[PDB]
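The structure appears below as structure tokens.
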There are 2 protein chains.
Amino acid sequence: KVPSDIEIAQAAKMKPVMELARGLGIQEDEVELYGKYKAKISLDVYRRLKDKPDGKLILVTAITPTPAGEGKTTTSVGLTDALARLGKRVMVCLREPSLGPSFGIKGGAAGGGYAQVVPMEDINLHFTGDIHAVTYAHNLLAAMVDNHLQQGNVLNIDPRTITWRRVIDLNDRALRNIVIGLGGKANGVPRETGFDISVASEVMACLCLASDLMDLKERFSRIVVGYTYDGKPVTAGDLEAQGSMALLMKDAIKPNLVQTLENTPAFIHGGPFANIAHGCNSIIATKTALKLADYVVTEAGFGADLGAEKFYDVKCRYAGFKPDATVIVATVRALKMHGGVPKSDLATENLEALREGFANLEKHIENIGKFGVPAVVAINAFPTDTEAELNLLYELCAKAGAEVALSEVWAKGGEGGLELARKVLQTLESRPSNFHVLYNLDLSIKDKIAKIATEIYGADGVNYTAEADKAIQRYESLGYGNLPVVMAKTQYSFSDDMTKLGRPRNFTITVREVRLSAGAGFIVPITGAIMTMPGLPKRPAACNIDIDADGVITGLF
Amino acid sequence: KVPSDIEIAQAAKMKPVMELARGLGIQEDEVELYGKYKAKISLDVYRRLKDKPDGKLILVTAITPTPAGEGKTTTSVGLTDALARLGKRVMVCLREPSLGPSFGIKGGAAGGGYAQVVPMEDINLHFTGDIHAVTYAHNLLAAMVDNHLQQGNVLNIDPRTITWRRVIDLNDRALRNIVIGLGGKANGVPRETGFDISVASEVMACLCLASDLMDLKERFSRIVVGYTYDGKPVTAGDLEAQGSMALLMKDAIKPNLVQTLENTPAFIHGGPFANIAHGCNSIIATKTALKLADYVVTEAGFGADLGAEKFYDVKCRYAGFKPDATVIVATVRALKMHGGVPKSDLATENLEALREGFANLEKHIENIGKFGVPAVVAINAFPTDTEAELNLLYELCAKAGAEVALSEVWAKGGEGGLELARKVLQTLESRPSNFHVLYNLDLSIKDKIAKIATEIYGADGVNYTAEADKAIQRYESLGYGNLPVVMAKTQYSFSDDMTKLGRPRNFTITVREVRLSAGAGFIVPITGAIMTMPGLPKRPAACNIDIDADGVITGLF
Ligand SMILES: Nc1nc(=O)c2nc(CNc3ccc(C(=O)N[C@@H](CCC(=O)O)C(=O)O)cc3)cnc2[nH]1
Ligand SMILES: Nc1nc(=O)c2nc(CNc3ccc(C(=O)N[C@@H](CCC(=O)O)C(=O)O)cc3)cnc2[nH]1
């Protein structure tokens, strides 16, 4: 019945963004176009509306992701659209995808089916240059670190302690571990380093946490790149790179106006990793949306154990936001995997594995309650789901205390989300939220980790390797112990063990390593090995990709 | 140099309490005397002052108790006294001791040395009859449970499910496990039960948590005594015992006015266990003190892991109190035991075991911070403590962020607490508190236990026996899962293992059993075996006790 994703995006009729912008009260002079259907928007908009009250803030999140798929963005856009149809003044804020995936695994829609922000092609690729700006802001510091050594090493860095890597927005595994500065006294200082994907760059994180260009610059100045032979820290400030980086980011600091299929305005801006970073779109975009609109839908990376958690405990913390509702997105299928059913038999009805798996969802609902935010569940409808199945899922959500709404936004655009929209509105008019972060900053790193781990993961306790112990000891005496904590762990489990589906009990977390992003302003415990630069597959999507004389692009999606 | 405790109490000159009472603004008609030096005070005092603002609330607590002793009450009274000397309008609120200990181990001062509430003799013994009233309110329900069975068992209790024991205020071990109702159809219904010491009676708990006689009566009506053969709960309400119990407690519901050696007014009122109950004096006394005074000192049973915790999470919760400071009482000696030094070598200087043991204190200080209450440490001075020792202890407290003050109240009454008083005043004028309970009631019992366990005990996780699992399951479906949780565990460790002194790491808590006090309004997880009716020793203190023709009492203290 439904057309594929890509073709739906092309045949959509989009409105001139300048139109959308004046519709929202943005003045033409605060708009810088990129074609007819993209625009950067001035940080001045926010500045003149600082005093106006915020609209409502609605977070989208989901249950523990599985191979079976949940489609969280699909829901976000479709929720946005329904809200627009019900006459509400709404925007959606989303993250910019990394360019690289478009060539290994394939690019995919911002959403999918009929729930999508457009123009699709651009947003996957260069969009408005935000990631390029991030790439060169980042690598300029790399080159300045290297130039400093080359020029007599005045700050007295021990080159072997350098933590500041390089970045690029392609999936290139060979760039993981490299030795640079070879060739002789004229070619720099030989040393071991590597590349991570640009979207995992701390500079990408900063962008998303910054309040403006001047706040962004000040963060840059706090970036720790490595240490002295004495074990004193060396920062970008010390290298005096901030102005430059800040300059490279002058256009990057502005959110980008675009639209859903059905022309609902949308910001797309920033887009960090959700394991080593907070997996949220920029504070700047979102804070602007609240001024321009009465309702703002936004989402978070990975399951609610991670994105939701970081959204509240980091994003809202810094921005002084107080989310008003949270929507958890789930499917019958993912729940059944969590209840034990293998990927190939997900089609066979099975109310028992569905009841078993529901625990995963029950535990997320519960977590969101721990932040004082009322929770609505979205069920991404799927054709093989039986009535018995869906019904059970309703009973179970109600038993567990949350409104539930079946969503067919994928299939039917904004119309497939109208009951969901109504449930959210219903929750907003009758269950105002009592926001508070899960933890105070004045705790210790180990206190902060344990509270997340036990309150959110349902972990028994936390383990630490010797290397992690010295890190935390070091970081605390360097005065970074009153920072937020950002768990990088698997997203496929509440546990640090990705094989443990559903709601695992009697387990512990092992923190193996602890890293720092003093620019972004947080501490990063890592549990498994974390892949900050994925590789291409056996056949890369790039082998099929072409564009012909007409400009007809095949093999891409 | 110093006289013993008892003789100090006798030679003290006490003022007529009616005097103290009019001094505080209590009208004569709100006073019922018991001699010249005791009075019950009307709940009407509070009622007419409900609108006045509260004075400051200052909690006294201590580090993990050891065989070496810490003297927490000594500090409380002496702190009260210093405050009085500095011209401040202050009262102290303390618990009534159990009568029984006076005959096994020996009675002891309310405080000690020169820091004491008087008249000593009375407060150990019958005082004003509060515990007797508790004993008979309690046992009337026992006798009504038994009468009900005898009279045809209309409510259809399964006598073997009866949880409501009997109580008495002596240490009588033989009364632990008994079979009653023997002799035949005319003598009641044969069944297994026992006695606990009166001060561990739930009715004692209720008294301390009640807001008035009518609130107290309503609590009584919610007491669960046992179940039906169907597994439905049976309450005192169902037995219609509340009015009666409420009647037995008509005088008991009034706090008792008494004084310190130096004539500072003092309430003594209620006095529950601190493991299966919250180890605090009555809300009623304390709430009245805040109206009558600008500063109120009160204390809590056991270490800060227990009393302090329950004081905040139960007492302040119910009463809507917001403590303004908390004083932790410690000694060089107890810290050294915690650092490893055996009881016999506590006299030998040892800065290393003192540094090691300080961890215990550091961890308590830290906990009190988790409730948003600024912490001052009191050092009970002891003659064998060296300058090097005390100095180290100061450096360590300051390093750990809390004011510290050496206290010689034992030796020198109110004068030995003047620096401490000044430090508290100093903390009150410059570090206002941000009170919040450790946890929300809407969590699950297992969530609530784990948060206490991990945040306060520094436990890894929590274990549960099968019997505890069904209890919690039962209690939750009976609708008692949104109640406070009251840990009964050893007081000699942060862990449930009393052999683990100092600051134990990598341990778990095992909850073996879970009980309910639906009158008092909380849930009682138990970890070790909990002794709710201690025994007399080899030689009981009672074998030496006498009073002669003059009335000279020997052998008692
Ligand atoms: N990737 C992907 N995601 C999708 O969401 C998706 N959806 C469809 C078609 N959508 C659907 C969704 C739900 C039902 C369904 O469950 N129908 C019930 C609704 C039950 C209720 O209202 O409670 C029915 O009564 O027909 C059928 C088709 C096809 N391919 C997809 N592919
Ligand atoms: N059970 C009991 N408790 C006590 O508190 C107690 N105190 C004394 C006598 N009190 C004390 C207390 C402290 C110092 C002491 O440490 N003196 C130091 C003060 C150090 C400082 O100010 O930092 C000194 O300089 O003399 C001496 C005697 C005797 N028996 C007791 N018995």
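Numbering of chain B is taken from Swiss-Prot, so the residues present carry the numbers 3-559, in order.
From the backbone N, Cα and C atoms, a Cβ is placed for every residue, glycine too.
Residues or ranges marked as ATP binding site in Swiss-Prot: B:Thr68, B:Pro69, B:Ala70, B:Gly71, B:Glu72, B:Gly73, B:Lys74, B:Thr75.
Annotated features taken from Swiss-Prot, shown on the structure.
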| residue | record | CB count, 10 Å |
| --- | --- | --- |
| B:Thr68 | ATP binding site | 21 |
| B:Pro69 | ATP binding site | 11 |
| B:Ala70 | ATP binding site | 17 |
| B:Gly71 | ATP binding site | 14 |
| B:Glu72 | ATP binding site | 22 |
| B:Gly73 | ATP binding site | 23 |
| B:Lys74 | ATP binding site | 26 |
| B:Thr75 | ATP binding site | 24 |
Coarse DSSP state, helix versus strand versus coil, of B:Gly71 (ATP binding site): coil
